[PDB]
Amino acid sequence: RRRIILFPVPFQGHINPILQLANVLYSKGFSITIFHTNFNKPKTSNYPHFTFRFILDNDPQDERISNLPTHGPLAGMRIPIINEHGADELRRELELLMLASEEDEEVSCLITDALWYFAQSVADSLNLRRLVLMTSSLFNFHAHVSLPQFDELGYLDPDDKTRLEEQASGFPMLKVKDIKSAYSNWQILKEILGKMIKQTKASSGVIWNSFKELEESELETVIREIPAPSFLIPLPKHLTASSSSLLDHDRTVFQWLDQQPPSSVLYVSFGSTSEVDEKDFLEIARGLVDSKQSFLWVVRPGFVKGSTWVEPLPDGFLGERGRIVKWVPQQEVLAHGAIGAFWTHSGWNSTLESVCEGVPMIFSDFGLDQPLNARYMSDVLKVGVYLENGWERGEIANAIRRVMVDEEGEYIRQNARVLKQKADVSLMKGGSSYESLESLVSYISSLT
């Protein structure tokens, strides 16, 4: 037997793909151990076939994390902190587990989130191979490696507000404004992304949550920048992430979806950490009403600054056609026959889930990789429309109708159906994703 240890970043967009990958690898005959923080832990009772080991977070807590908020923006401070200080404990936990290993059992490798760059030298120090899971797109990695050129051209300077609507220089898939929001947290990101890249290039292999026919234009960059083999597997085509949900599913929504005509419902969800002003929240509500479409809107408590959930919303505001809920099994909703479009914040998991279920998109964004996802999907693949100028109710209503009803949007709807079919085909024998998965299993079995 061969065991794989996986080490996720403890946020919804990172736990989801790594436990999909864990299940795919389990299906291939590997045993599975998950190293996880107590913070944001998933429900281990959902994974009787995995062993969980909780680390880095144990009582009593380090002065460096003991008082970090558990929600809101700053919860993410755990990522730089653990990278800076978690090495010794990670090494101890890996050695512990390796020491207790059975005789016919060996640890093939460690797979970590790409953002745990600190784990590379820990793995090296144990003669343990480390593979990296990328939870965001090849297109974004391509942008990351281009940061020095972006820096030189002034794109990363926030006070330089000049060339906003222009094509970016030798990266003409983007507009300058895209790069400016993606990298507005430049003081922190330049450090983290530089080390992420370096330790990804130093790893023994890189698993991408993508597929070749999704990001064909980006494969050359990955082959040239990363010496180790890359494997593109679209995890939502293997299984949904419902078992790793960190929140309770409403699931009263499906009875409601069963009462709607096919493709008549706009699914709306702006992610698992984004926050909005009261002014923009109410404007989004208005646009949804103005569109005249049915909608199912996931509003995370705390999404509105600074109400506890949707208090600013007048009771019954509009309509018979709309519902607000706290949380759903998202991919299962996207797969429902009633869904005609997905208004998303462009998180990569949501974007890829929508592509894999053939649902065209309306794009907003809250920075990070989201504006690049939105730009690539709307301008390269052409499976959605990007609301790239804030929140105006009239523009929102037009975007929703263009995707969902207008004849002029048919080509977008059709592009989304075809892209889903390409994803499905990529999993057949001889398809790109099937071959990537076969090579990954063979490769990992050889490290042992």
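Under this definition, the rigid core comprises the largest set of C-alpha atoms superposing within 1.5 Å between the forms. Throughout, we count residues from 1 along the sequence that is shown.
Chemist: Quick one: with the core lined up, is it 301-309 or 328-336 that wanders further in 7 other deposited structures of this protein, going by C-alpha RMS?
Modeler: After the core superposition, the stretch with higher RMS deviation in 7 other deposited structures of this protein is 301-309.
Chemist: Following superposition on the rigid core, is the mean squared CA displacement, expressed as RMS, greater for 314-322 or for 90-98 in 7 other deposited structures of this protein?
Modeler: Between 314-322 and 90-98, greater C-alpha deviation in 7 other deposited structures of this protein belongs to 314-322.
Chemist: Please confirm whether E166, modelled here, goes without coordinates in at least one third of the other compared entries that cover both its neighbours.
Modeler: That residue is present in all of the other compared entries.
Chemist: Taking only the CA atoms, which stretch has the higher mean B-factor in the record, 435-443 or 13-21?
Modeler: Mean C-alpha B-factor is greater for 435-443.
Chemist: Of 352-360 and 213-221, which one has the bigger average CA B-factor?
Modeler: Going by the record's values, the stretch with the higher mean is 213-221.
Chemist: Of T135, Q187, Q260, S125, which one's C-alpha B factor is largest in the deposited record?
Modeler: Result of the comparison over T135, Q187, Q260, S125: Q187.
Chemist: Could you tell me which one of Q414, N40, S45, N389 shows the highest CA temperature factor in the PDB record?
Modeler: The listed residue with the largest C-alpha B-factor is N389.
Chemist: For the chain shown, is the CA B-factor of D113 in the lowest, middle or highest third of its modelled residues?
Modeler: Tercile = lowest for this residue's CA B-factor.
Chemist: C-alpha B factor of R92, ranked within the chain: lowest, middle or highest third?
Modeler: Ranked within chain, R92 CA B lands in the middle tercile.
Chemist: Taking the chain's C-alpha temperature factors as the reference, tell me which third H249 falls into: lowest, middle or highest.
Modeler: For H249, the deposited C-alpha B-factor lands in the middle third.
Chemist: Please rank the C-alpha B-factors of the chain's modelled residues and tell me whether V418 sits in the lowest, middle or highest third.
Modeler: Tercile = lowest for this residue's CA B-factor.
Chemist: Ranked by Cα temperature factor within the chain, is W343 in the lowest third, the middle third or the highest third?
Modeler: Lowest third, going by the recorded CA B-factors of the chain.
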